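In order of appearance the chains are A, B, C and D, and numbering begins at 1 in each one.
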Amino acid sequence: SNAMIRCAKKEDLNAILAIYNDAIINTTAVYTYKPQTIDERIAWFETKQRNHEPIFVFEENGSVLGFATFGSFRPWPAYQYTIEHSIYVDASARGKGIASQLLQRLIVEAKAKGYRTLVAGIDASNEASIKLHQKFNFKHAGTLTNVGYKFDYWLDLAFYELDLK
Amino acid sequence: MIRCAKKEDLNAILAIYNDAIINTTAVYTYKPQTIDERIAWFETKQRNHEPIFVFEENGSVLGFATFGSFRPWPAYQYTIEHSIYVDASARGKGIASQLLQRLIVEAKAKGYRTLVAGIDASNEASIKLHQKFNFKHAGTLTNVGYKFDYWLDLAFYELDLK
Amino acid sequence: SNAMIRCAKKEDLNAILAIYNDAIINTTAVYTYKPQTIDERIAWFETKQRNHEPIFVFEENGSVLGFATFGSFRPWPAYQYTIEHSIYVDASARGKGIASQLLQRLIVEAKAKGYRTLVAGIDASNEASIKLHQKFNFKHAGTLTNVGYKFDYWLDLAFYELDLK
Amino acid sequence: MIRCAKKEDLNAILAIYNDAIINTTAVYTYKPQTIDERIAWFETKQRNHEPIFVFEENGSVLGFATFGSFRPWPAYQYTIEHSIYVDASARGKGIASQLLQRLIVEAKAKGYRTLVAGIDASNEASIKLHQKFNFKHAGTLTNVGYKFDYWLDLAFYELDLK
């Protein structure tokens, strides 16, 4: 039972890709329709590396079972102390507290880099994610109704926020 | 008259925008925009077929308005975020209201479902205006911005276009 | 500026009544239609006294500007460590932090009496109350839709909860 | 057969109820009910015109069900909370489902808007049953109950009767 949270590396990308694409195909966790390609994912990784944005993976028994990152919330200079994060856990690996460990690590990194405000965009249907965020003292800041459309129904996006100060 | 913006409008638009940058929390930016960035913005919007409207009176552009993507993921397809800016010397004339009205007309015509405004929590006139046009307060993100040495709260207001 | 939070007394009831009835007439803060009578309010007070349930008032310059209490959440013996509270502030006295001071006092009393769980039933429209409760680390536990009917529209009741442990 | 309960049913009902008190988290009560309290409950429900249904088979009451007030304030007028109890020896027979079906029929006929179930978070069969009848999980209150030396979570499930 060799389990560890570490920064992601290039050799992780394929695993990461699979996880992400599963989420695209089966859930509203990603407001995307088409599976991402490996080149798109590699460009994403290189861009995160250039921007000094973290990517963490949860790895167990040689397998990447989850990943997490943060970056810009809205693209305007005065949002500089605000970041938005995302967390994805393999569907075969749920119930193991992997999301919780990833979020914990994200928060420690966010505090160490001096950000003020951490934002989660969570689909209103994502009950486990909402519960997890409430556990870490995120406050529900609002809900934008009918902002998304997927699987033939309208989607509501809830914003949760943590004051890192 | 409210008409679509043309390249010849750009300088005036820039001025309005930069005033808002320098003096208000209406734009979460610190440094003035340059005319080159504005021109690039214009051409990009022409390319994306996003509308830009100006309010013109006595040959002078007194306000402008536009809408575009709210968040950049494909499933946000039917959601747009709008922006309105009115010349500081042209307040009180109902310009922002006429622009918002025009934006809403354009948004319905193009088949969008949801129109979103990010309004600074202190912009009470804008809030009152959007309430008047039946926008609902969707929420408020606190301390999301930082300008003029203080923390800024962003209120989200939404209109269902259906 | 003589301001104080104290336990309520009989001589407070008239003031309390007015506040309550204002809330009945103008808001969804009380799922009641008809104004309460002074005898009903006195019976309420006597009952709270018999049950050792607290009633606090915020008093300033000789005037009761707010009141607050807690009691049973659901009537079955196994809910004994759970209480539900309510807070009412005079409409002429809003924005003074009176609700916040009352809630603070309620929480200290709840902890001192060994309860585990404090519950707020808040109308989904009551934004100030929701914000106040989030401030004191209540978690939104759920929302019952169309449970109430008042002023010709359907009402949603949100539950917020604080773990007192 | 599912019929309205009669006084002669009460003893059987009591047994069922008390079993649930003694062995499960289905009733947030510690001590067995007495037949006097049950009779008072029955007469009170007759008075309030609240329905009580029993599932009867081979002359034996194998389950019962009822609904009544959810919260005690006038504006909760169109909301009811229901309860279903099935004999422990009569599980697997679809009794709870037939009772719920009957309750829903009765609730619509009487013009209620919202039907509410308080279900212990560990009662997975009840949850699955209510999901089957299109109840929505409205929320969960954690640590609201205490029984058998542990903390209990109450899930609320709701059906819009319109």
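Going forward, a residue touches a chain if its C-beta (ideal position, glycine included) is under 8 Å from a C-beta of that chain, and two chains touch if they have at least 3 such contacts.
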| remark: Taking each chain's mean CA coordinate, subunit B and subunit C are separated, in whole Å, by 41
| request: State, to the nearest whole Å, the distance from the C-alpha centre of subunit A to the C-alpha centre of subunit B. | output: 29
| task | Let me have the rounded angstrom distance from the C-alpha centre of subunit B over to the C-alpha centre of subunit D, please. | result | 54
| query | Which residue numbers or ranges of subunit D touch two or more of the other chains? | reply | none
| query | Taking chains as nodes and touches as edges, what kind of graph is this: line, ring, star, complete or other? | reply | line
| task | Would you mind giving me the full set of chain pairs in touch? | result | A-B, A-C, C-D
| task | In the complex, go through subunit B and note every residue touching subunit A. | result | 27-31, 70-71, 73-79, 113-114, 116, 118, 138-147, 151-152, 156, 158, 160
| In their complex, what parts of subunit C are in touch with subunit A? | 134, 137, 139-140
